[PDB]
Protein chains: 4
Amino acid sequence: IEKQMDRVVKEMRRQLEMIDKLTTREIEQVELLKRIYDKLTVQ
Amino acid sequence: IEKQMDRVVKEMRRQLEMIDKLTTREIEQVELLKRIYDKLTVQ
Amino acid sequence: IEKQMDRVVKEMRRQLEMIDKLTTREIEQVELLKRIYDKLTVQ
Amino acid sequence: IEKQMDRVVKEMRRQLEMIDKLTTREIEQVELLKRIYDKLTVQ
Ligand SMILES: [Sr+2]
């Protein structure tokens, strides 16, 4: 069963790398949203 | 296999931190989107 | 070790429920984004 | 524990499907955000 647990650890870390990237992309969306809102506010 | 099991548990704790971040950022984004839509729509 | 694997299955399903909710929320963001873009396009 | 291990593998496959969706939707959102920002900015 150690062969299977080995595959699980590897896949979890691969999927986490993907979620990590997603997290970075979401930060950009927030910053872009704030910029868009400012273009719509008098200043 | 206890060593492998420990690795799995720590990856899950790491993943939880990431989901928490995605969840809170998602809220910030949607609230921003609604505000932006309102700035463009007849009130 | 069955006690630990039991906790892993439960936690994975709990975290997936969270990702499932996130997925639904993201669909809304896309639909909201399309509506915002249309308010900015002549028609 | 092989039965529990199988449950874990299937949850991971389910999670992957979800991450794939989040990843593709995120792209659609950012491209929309950039287009919206452009519609509001001097070109
Ligand atoms: Sr988003």
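Residues numbered from 1 in each chain as written, not as in the entry; some residues may be left out. Chains lettered and ligands numbered in written order. Heavy atoms only, no water. Residues with missing side-chain atoms left out of burial classes, pairs and counts.

Per the deposition metadata, X-ray crystallography was the technique used to determine this entry, at a resolution of 1.86 Å.

1. What about the overall build of chain A?
When helices and strands are counted, chain A shows one helix and zero strands. Considered along the principal axes of its C-alpha atoms, chain A spans approximately 65 × 10 × 5 Å. (Helix = DSSP H or I, 4+ residues; strand = E, 2+ residues; numbered from the N terminus.)

2. Here's the deal with the packing of helix α1 (residues 2–38) of chain A against helix α1 (residues 2–40) of chain D
Between α1(A) and α1(D), the shortest axis-to-axis distance is 9 Å and the interhelical angle comes to 20°. It follows that α1(A) is roughly parallel to α1(D) by the angle criterion. Note on packing geometry: the crossing formed by α1(A) with α1(D) is left-handed. Taken together, the residues of the contact of α1(A) with α1(D) break down into 22 nonpolar, six polar and eight charged. (Axes fitted to C-alpha atoms, helices over the stretch in contact; angles between N-to-C directions. Parallel < 35°, antiparallel > 145°, perpendicular 65-115°, else oblique. Left-handed = near helix turned anticlockwise from the far one by under 90°. Nonpolar A, V, L, I, M, F, W, Y, C, P; charged D, E, K, R; others polar.)

3. Remarks on the interface of chain D and chain C
Facing the 20 residues of chain D at the interface are 23 residues of chain C. The class makeup of the residues in the side of chain D that touches chain C is 10 nonpolar, three polar and seven charged. (Contact = heavy atoms within 4.5 Å.)

4. Some words on the packing of aromatic side chains
For any two aromatic rings, the description comes down to two numbers: the centre-to-centre distance and the angle of the planes. Applying the stated criterion across every chain yields a total of zero aromatic pairs over all chains. In this structure, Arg35(D) packs its charged tip against the face of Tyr37(C), placed 4.8 Å from the ring centre. (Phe/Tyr/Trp six-rings, centres within 6.5 Å; stacked < 30°, edge-to-face > 60°. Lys NZ or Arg CZ within 6 Å of the ring centre and 35° of its normal.)

5. Description of the pattern of salt bridges
Throughout the structure, instances matching the rule amount to 12 salt bridges over all chains. Notably, a salt bridge pairs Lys3(A) with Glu2(A), separated by 3.0 Å at the nearest N-O pair. The class of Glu2(A) is partly exposed, set by a relative accessible area of 34%. A salt bridge links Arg25(C) to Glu26(B); the shortest N-O distance between them is 2.8 Å. Taken as a pair, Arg25(C) in helix α1 (residues 2–38) and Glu26(B) in helix α1 (residues 2–40) lie in two separate chains rather than in one. (Salt bridge = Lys/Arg side-chain N within 4 Å of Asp/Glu carboxyl O. Buried < 20%, exposed > 50% of the residue type's maximum accessible area, 1.4 Å probe, protein only.)

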